Each structure stands twice: as C-alpha cells, then as structure tokens.
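Notes follow once the structure below has been shown.
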Amino acid sequence: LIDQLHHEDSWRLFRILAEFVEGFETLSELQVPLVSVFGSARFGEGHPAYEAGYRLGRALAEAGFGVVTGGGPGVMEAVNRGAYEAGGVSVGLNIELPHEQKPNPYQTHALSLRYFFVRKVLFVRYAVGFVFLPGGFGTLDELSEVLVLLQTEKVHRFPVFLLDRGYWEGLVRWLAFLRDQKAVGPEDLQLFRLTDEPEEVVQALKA
Amino acid sequence: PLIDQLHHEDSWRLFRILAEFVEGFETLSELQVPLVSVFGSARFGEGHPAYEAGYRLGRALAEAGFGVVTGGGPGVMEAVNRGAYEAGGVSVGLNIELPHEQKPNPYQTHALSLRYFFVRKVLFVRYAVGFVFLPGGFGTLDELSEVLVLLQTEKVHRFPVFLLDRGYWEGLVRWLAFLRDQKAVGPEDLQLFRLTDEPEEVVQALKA
Amino acid sequence: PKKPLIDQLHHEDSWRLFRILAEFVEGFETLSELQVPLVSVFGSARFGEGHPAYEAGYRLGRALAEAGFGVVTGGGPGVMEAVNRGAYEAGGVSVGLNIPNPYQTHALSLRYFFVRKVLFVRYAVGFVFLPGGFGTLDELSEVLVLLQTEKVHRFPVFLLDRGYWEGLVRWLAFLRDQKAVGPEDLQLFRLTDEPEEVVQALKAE
Amino acid sequence: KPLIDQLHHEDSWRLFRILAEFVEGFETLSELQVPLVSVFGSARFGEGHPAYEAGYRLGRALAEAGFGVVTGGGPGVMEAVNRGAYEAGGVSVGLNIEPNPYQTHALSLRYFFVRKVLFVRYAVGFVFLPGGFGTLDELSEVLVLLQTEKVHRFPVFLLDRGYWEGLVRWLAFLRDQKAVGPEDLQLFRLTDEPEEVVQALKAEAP
Amino acid sequence: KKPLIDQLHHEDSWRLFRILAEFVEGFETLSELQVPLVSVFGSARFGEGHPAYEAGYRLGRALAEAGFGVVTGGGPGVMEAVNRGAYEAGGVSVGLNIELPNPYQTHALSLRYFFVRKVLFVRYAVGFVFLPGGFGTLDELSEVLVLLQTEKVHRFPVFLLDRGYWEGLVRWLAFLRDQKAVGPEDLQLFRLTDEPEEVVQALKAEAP
Amino acid sequence: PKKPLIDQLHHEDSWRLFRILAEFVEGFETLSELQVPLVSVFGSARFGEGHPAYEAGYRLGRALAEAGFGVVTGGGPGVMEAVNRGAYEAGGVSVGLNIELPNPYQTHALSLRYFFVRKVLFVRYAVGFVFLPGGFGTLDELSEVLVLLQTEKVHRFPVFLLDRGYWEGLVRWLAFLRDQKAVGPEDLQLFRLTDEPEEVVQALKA
C-alpha cells in the first residue's frame, strides 16, 4: 500500500491543518468586527484605487471595524496602512507565491499561508462584510467566490460593495447578460452594491 | 476558561473537512484515466445549446479516453456526465450539499458528496489535466476565476483552459481586456485560456 | 478486490482515521438535536411480513410513537423495518442508523459499525430487543456489558418474547450460578411478551 | 459521568483520544512478528479454577507453537493466558481497558470499541474460555463480524463443552428459528482440549 | 536496523501521528490526576542495596504519605525504587516509559519520543528530585535547568540528593557562573540535600 | 497575563498540536533537501566578539565551511552567531534553527515556535556535533545528544568538545560516573576533547 497513500499525498494536510488552526485561533479572538477588503496588488501610491483604499482603511478603523486583507502590496497595502496609522486592527493573510513580494508593513496581525483556499475560508469565516476595490484576477477570484456562497446561502448574508462604478461596469453588465440568459436568478445581482464613495460603504456597515 | 476560547475557534468542523479531503484523495487517486474538469450552467437543460454542446463534449472526451469530473449537478453538468456515462467513460461528480438541494444527476460512475465548496474546488484541480468552461452562471465564473489565479501566480501546472461558446463569454473577456489596459493584469495573462466554439478543438488540444 | 471494512485500516494510513471521527461528530449532532425521547430497538433482519416477531415489531413501533417516543433501529429489513414502519406510519419520529427501509424520518448513513454501536446508546432512554440472531445477540451483549460496567448512563432493557429468549436467559442464570456475573447483573434486563408493558415501563420513568 | 456520555460532537480532545488509541494500537500490533491469536475469558476465575488452568495451558501451547497471544489483560483467565504464554518465552499482549504482570506488550485503552477493533485486526484465530458478560459480548461480536464479513476470516474456538452448553444449544434454536444461516454455527468449534485448538490453528496457517 | 529519529520523514504521516498520540494521551492522563505531581529521575543501573536505590524507596514512600504523586522515567534501578515506594504506600505512581516497564505504576504511559517525555516530565510538576544517575539523569537535569532558567515552564523546586555524588558537577556549574556563562541566580534553580525526608519537608512548604 | 510556553499546552486543545506536527514537516523538508554535510554546533549565547569563545567560534565556522560542511546552530547571539558568521563569511551554507516568538549570518533561517522540534532538527541530519564553551543551554544540548547516541535513538556521528581547559570539570565528573558504574565502559568514547577546529575538520573528513 506504500504506493497508494503516497500518490494520495495526504501528508500535505499537516500544514493545511496547521494553517486553519492558527487562522481560527488568531481571527476568532479579535474583539472588533472584521471587514474583508480586496484590491489590486499593482495599484500603488497615487493611483485612485490606492488613495480610495487608504481612505477606506482609515474610515473603517475609526468606525470600530478591523480590516482583513491579503496583506500584499497595492490597494491591499493602502487599506492596511489606512487602518494601521489610524490605530485600528489590521490583519494580513499573506499568501506564499513562487514570485513573492514582501508583506506590507502595516499588519497588526500577520498570517502566512501557503494555500489560497485556506486564505479564502479565513476571509469569509469571520466577516461582517466584504469590500472590493478595483483589481485583477485575484480580486475577481474573491468576488465570484463570495457571490456564490451568498447566492447559494452557504454563508449568512452580509453586505458586498464594489468601489468605482466605471471600473466594474464591464463585469456588472456581463452579469446582467447572465441574468438575461437566466444563468443567475432575477434578484441575484442585488447581492452586491456599487458606489464611488468609501464613506458610503462605511456608513452602510455601521448598521 | 479556555472552553469558551476553543468554542469560538469552532475546530470540530475540521473532522468533517479532513474526512472529505482524505476521502476525496483516496477516490480520485485510484482512477486510471486522465481527468478533465468540466463546468457549465446548472440551469440550462435538455434542448438548450449549452446542454447539447455539453453532451457532445462529455461524449467526445470519453471516446478519446478521458474521464470527466463535474459538480454532479443539473444542466450542463448533467449533460457532460451523461455524454461520458453513455459512451462508457469514467464520469465523476463532486456534488455539493446546498440549503436548497439540487438532486445529483444519475450519470456518475463515481459520486462524492461534499458539504464544502473549498474542498470540492481542491478536488477539481488536484487531479486535472485540463478545464473546460461552458456557458454557466455564478458557480462557473467562480471556478474560472479561481483556476486563472492559480495559473497566473503559478501555484499549479499550466494545464489547458478552454471557454466554450465565444459569444457567451464575450462580455467577460472584453472586461478582462480592460483590466489589461489598466495594467491590473499581466500582458500575457489573457493567454492562460482559449476561447472556442468547437468541442473538437478542445478534445484535440487535450489529446495532444 | 475490496477487503472487509476493518482490514481496509492499515497503521500506515493514519489520515483515513479521521473518517471515523467525522462519523461520530456527525452522528452526535444528528441525534442530539432531536428532542423526542429516543428508544433503541434491535431485532432479526430476516423475519419478514407475517412473522410473529415482525408483527410484534410493528405494534411496538406504533405504541412507542403513540407515546411520544422516537425509535432508533439499524435501518434494515425484517423486524427492524417493522419497527421503523410501525412508528413511521403512526406519525412518530423514525430513526435508522444505516450501515435502507423506507420508513425513516432520519436515515443516518454510517460506514463503521462501531460508531453505530455508540450511537445506539449515547442518547438512549431505553432499549428493546425482539427475536433475532447474531446481530441482535451482539447488540444485547454489548449493552449488558456497557451497563454492567457503567460505561454509559443506565436505561431499561427489555427482551420481548419469553419463549424465544428462554434459552439465553437461562444460560445467563447459569453464568450467575457459576459466579461469572454479579448477584444483580441479570437485573439489567426485563422480560415481557407485551409491547404495551414496554411502553408503560418507559413512560413511568 | 460515564465515558460514552462524555462524548460530544464539540469536545475534540475526547475524539483525539480515540484517534490516539487507534494509532498506538495499530502501530504496536502491526509490528509484532508472530501470528496473533486473541483470547478472551472470565476476569473472575482465578488460579484454582478449571478455566484458569485451561487458560494457562492454552497460552503455553500457543507460545510454544510460535503464536503470540492477545488478551484483555485483566485478572482471572486473561491472566492465565498471558502468564502461560509469557512464561514460555512467547509474545504476550494485553489490551488493558481503563493489569497482570505477564504482558510483553501492554496497551492502555479507554474506549471499548477501539479494543474490539484491535482484537480482530490482526487475528489469525480467536479462543473463548468460560466467562461472563464480557466474554459473551466479545464472542457474539466476533461472530457478527465473521458472519457479515467485516473482517478477514479466522478460526474461532470455544473451550469447555459443559460450560458453553446452554449458549450453543440455544444458537441451534436460533438456526432452527432461521434467525441464522445454515452454516453460521460452523463459524466456531466447541472443544475441551486446548492442545487441539493450537494444533488446528497450526493446520490453518502456512 | 533504523534508529527512532532517523525513521522520521515529512511524508511518513503515521510516525508523526504517533507523536500526536503521545501528547494527547500524555496530557489527558496526567491532567486528570488529582494529586500534586513531583517528578523523579535517577540511575537506571543502581539496584537494591545501593544507597541511591534505597533512598529512592524512602523518597517514593515519603512523597506518597505526604500526599504527593510521583512521576518517573519508569525504568529499572532507582526509577523502580521510587515507583515501588510510592506505590506500596498507596500513592499515585506514574511512569513515563520509553520504548527503548516496572510493575509499580498506578498509570503507565507508553512513550517513544524523548521530547514528548521531557514535556510531560515538567508540565504539571510541583517539584523535581534528582538521584544519583548517569547520562539519562544528567540529560533530564540539564533540561529542567534550561527550561526554568529560560522561563519555558512554570517554576518548581529542584533537588539533588547526595552532595557527594553531585560534587563534581555543581562545582563545574559554579565555574560556569564564575565564567559568566550563567546568570547570578541560575545556580539557585536547585539545591543539594542528603536525605529524602528533607525534600518532602521543603515540599510540604508550598501552595496554601 | 500569559504563561511560559509549556504551560500553554492544555489537554483540551488537541488541534493546536498540528502546528507542532507541521513544524516538523517543514523542518524535515527544509533540511533534507540540502546537499551539504551538516555539522550542528553549539556554544554560549553570551560570549560575544572579543571573548575567546566567540573568536574560536568564528574560526570553527570558517574551518567547516572551507572544508565543505554546512553548519547548523540555534541561530542566536554569542558563540552561535560567531559560528554562523565564520561559515557565512567564508561562503559556506549557514543554517540557524531559530526560536522566534536571529543573527544576520544565515543562508537558511528557519523560524521555529517549538523548541522541542528544534532538538530533533539538530540531530536528524547531523554528520557531526561540536560544542563550545557555554552554559545551561550547551550542556543541555550535549546531554541530550549523549543520551540519544548512548541509547542509539539516532544514527552515530562524532561529538567534539572544544577547549579542553573549559570542559575539564565536566569530563572529570563524567569519568567519575564511569567509576560509579552509572555509565558504560565505552560510553565516554562517544565524545572527544580538542583545542582546535582543525582536528574537528580532519576528523569529520575521515
């Protein structure tokens, strides 16, 4: 049987298990409500998405929320920074990639994960809401994931916001096409909300 | 006490999660044919273009010698499992347990029932030699965006990714091209997938 | 081909063990959430429609349901099916710990027999045994040991059909004569020919 | 508070204890390098009793024929079996339940169902001597497992014709009642001589 | 012919689960004891007749009568002396046996890993007594001193029986403090004493 | 108020144990993929630059890296840093098994949370072990090594104590243990005293 359980590669589960445990340990003991935030790892200082990210972080911490990001560069860094400097709780769920990049230096708690799926469960398990700033493959990845879990009711409902109407217009319309094709329910597009103001997102969560 | 702390951690959930991973590995590991993950709408039934196309793809892959792995649900997944099943090929369903349960189709040579989307998503890639996305909705988009990420960042081998039915994906691909003009995605990232109208082209690429 | 269940376990394959643990977790959630009092019943898997034990099984399930109790069986054919059927058709809560008859309100799907053994007693308010073979003797035997050694909370145990249990009960009296069992270990179970005497007894506790 | 009643779907640690016993038991038994015969008998019949003498001689002969013995590790007949095997230079295992001095290998278990798996997992044979509830409990489980094929097949022997007479005659009643298959009673053989048990086991082994 | 440690590999899951099992059983078994636990380690070679062995018995018994439970490495020699003394006195006698066990243990733990045994030795100890021994005893003593010095475990008195036997070692340790290799109060982590009675005496002076 | 590491181990918190198991996994992976022969080295964490111990450490590291060996230390300050620094600066592979809850001369810096995992990592791939003047930590590591070697719990490898003058008292006392018969005849041969890195290198070479 040595060959079977080998091709089974179950030993990979020790670390996967270590990652879940630490994650539950760390996130479950936080005292403030957690808001998961996402955005481009590539939009740095100056970029509208970065500035909006920093303002989002700041406002969330000053409202009592803690922020959970991938702890990477770009708007993630901006969001961690905004909440960090404001003194709020700032979590980073760092993913280990073949083409790394150091974790931003604005994490109150920093978790280092090897698997996206563990990182994904941790983004949802303790969230009172999710906010998506302009991003790329990774951001769409997270979004589509939350949409499914909500639409299918696998996880309790929670507010989902997409910041910057013009950036997301393209996706929203295709989703409307999906609704026209009857691929998604008649009320499924109301699972998320578009806005151009961070302040508006925070007010909505503050309730 | 710590009893409260351990309670908030809610780790007893891992027993089931682990059982599903272990069972999933034991099962898929034993299969002896290259496995192709296939996705499509759970709502487009018999008669619908996506369904017929799915039936043809399922049948073609089995003929070529591949086993198909789907979410075991209705619509295109059913058609894909059926095409494979009826051509005598290995047909796998990674059925997901939902609040408003859809019934598992009857065309699965191997059926697994999972409570967790993430476990199911892992089993979908761990043993795949390719991915085919047929018209679908939120469920399909979620699988597509996940695999694209895994390929873009290179966490898994760059196996072939196909999107069947050009006109259907047009909106998404154009928006992705916009993500490119914005530099939110790499210059070559749109080459991670191939858009096509011909099931034959997909099977041919996988055979090659 | 595929080996017997127990033999599929190898000291090398440790992760496989979590499949057993998860079965316990799931089983405990499923049965503990139920609020009706749960009475376990075991009996022959070969006595079908028209057999005395089957008819008795049907009357028992019915009476138990009529009384507000829930019944827990092995979920198979024979007197087992009779009991789930009698309870089920009377509007009672019917549970089956399946290793399946179509008379189950809650059908548990279990891979391991020993998890079932634990589930039969973890929430038991009583346990009734009807005419059966090895499986029934197996289950009765374990229940006596478990109670005799106090590995589980105490509950009444009834054996239905005096003539049928006769030989075994007498042999047990012999074991007591030999001093293999304690002075009052045979007081762990009660003998009766009436499903009504079983329901009365349980209601009285 | 009873062991079973302490089991809750949320108290993970109690579930890990079950895991721990499965791990240490499979690890210990699997590495033994002699065919393993399980033995069960009265915990109450100490030296002087005919079952004890029978158990002592059985373990002895077992050890001498190159078999290892696996008992519950308690007093009485179990002690006698371990002792007879131990004093003959043989491997002598005790699956102690939460212990006689004649155990070359001693396991500490809290969960009965785990011990029950370990009793049969590597069993090449199973012998039952005169006993009480514990003995009836183990025997009847082995027969169910052999009957429904939940474990590889292995011989089962009952020792002391006069003591098991009531139980056997009744199993015949069961077969006649047809609550048991035609050759299900054939799953075991009733005997008086421990030496033939060992002889028959050697015959069923190459 | 393979040493325990060399059999560990990141892919050999079962051996890592045995490590898991030893922690689970070790912590459960010891945590449930309702008597103050005092760990004792000494020569596995010195037998009946030798002072160390004799003193082990007095220690074992005196501890049991003062209401303390004893935890030893569970082997022969002085280890067995302590187990026997406490046991025959009706006290709680624990053995952390290593599968390289004396019959005087109220609870016998089967251990294969030296590092799991080391943790279990101090996890619940309210005192540690060291009798004349060899490599094993020095090893366990060094461990305790480092864990205490370093605050890796809660504090507890440490006693060394037989001022003569330990003479060479304590002076060398004194040399270390002279050399600044150790801190100003690190030699205070232990005390020499000639009779078991004294240790049980100093112990009785503890938590109210 | 938090407590010392060990006291944070509760019997009810079973899942937290996988963090330890994961640590071993990662540890075994990191170290086993290295191709250079790994020599574990231990010494005082207090003796810094200028202290004979530190200077001896630097030369030992240099000597081992130049001879082709990779060094493995606890990764801290004092003689540890000295050793890593000597090998690192000589272009050798420098490894530190750091307990993080680390000196700048490490090619590979492992981050460990459990000190007991580290103890296994110090010997699992050891081709040899060198101990320099130190205190409680060094003696603790020496003892464990001697015990694991004595009872053959790990493959044999050379153990060297550098600075005869400093180890004198300990070695003298150990000889006393042999007179007392607490240790075996050949047991003291498990280690060797030396006043120079070069003897260590010529030895490892052979």
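FYI, side chains are in, hydrogens and waters are out, and symmetry mates aren't considered; it's all heavy atoms of this structure. Order of the sequence lines fixes the chain letters, A, B, ..., with proteins taken first and strands second; residue numbering starts at 1 for each chain.
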Margin query: With a 6.0 Å cut-off (strictly less than), is the heavy-atom count around CD of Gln32(B), excluding the residue itself, greater than 12?
Written below: no
Next item on the list: Take atom CZ of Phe25(B) as the centre, draw a 6.0 Å sphere, and report whether it contains more than 12 heavy atoms from other residues, nucleotides or ligands.
Entry: yes
Report all side-chain donor-acceptor pairs from residues 129-142 of chain F shorter than 3.5 Å, counting only partners two or more places apart or in another chain.
unit_1	atom_1	unit_2	atom_2	d
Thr138(F)	OG1	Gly43(F)	O	3.4

Reported [atom1]-to-[atom2] distance for the pair [X] and [Y], which is rounded to 0.5 angstrom:
X: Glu12(F); Y: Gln5(B); atom1: CD; atom2: CD; answer: 11.0 Å
X: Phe18(F); Y: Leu18(B); atom1: CZ; atom2: CG; answer: 7.0 Å
X: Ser14(F); Y: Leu6(B); atom1: OG; atom2: CG; answer: 8.5 Å

Margin query: Tell me every residue that passes ring pair (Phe, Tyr, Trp, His ring centres under 6.0 Å) with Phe191(F), counting only those two or more places apart in sequence or in another chain.
Written below: none
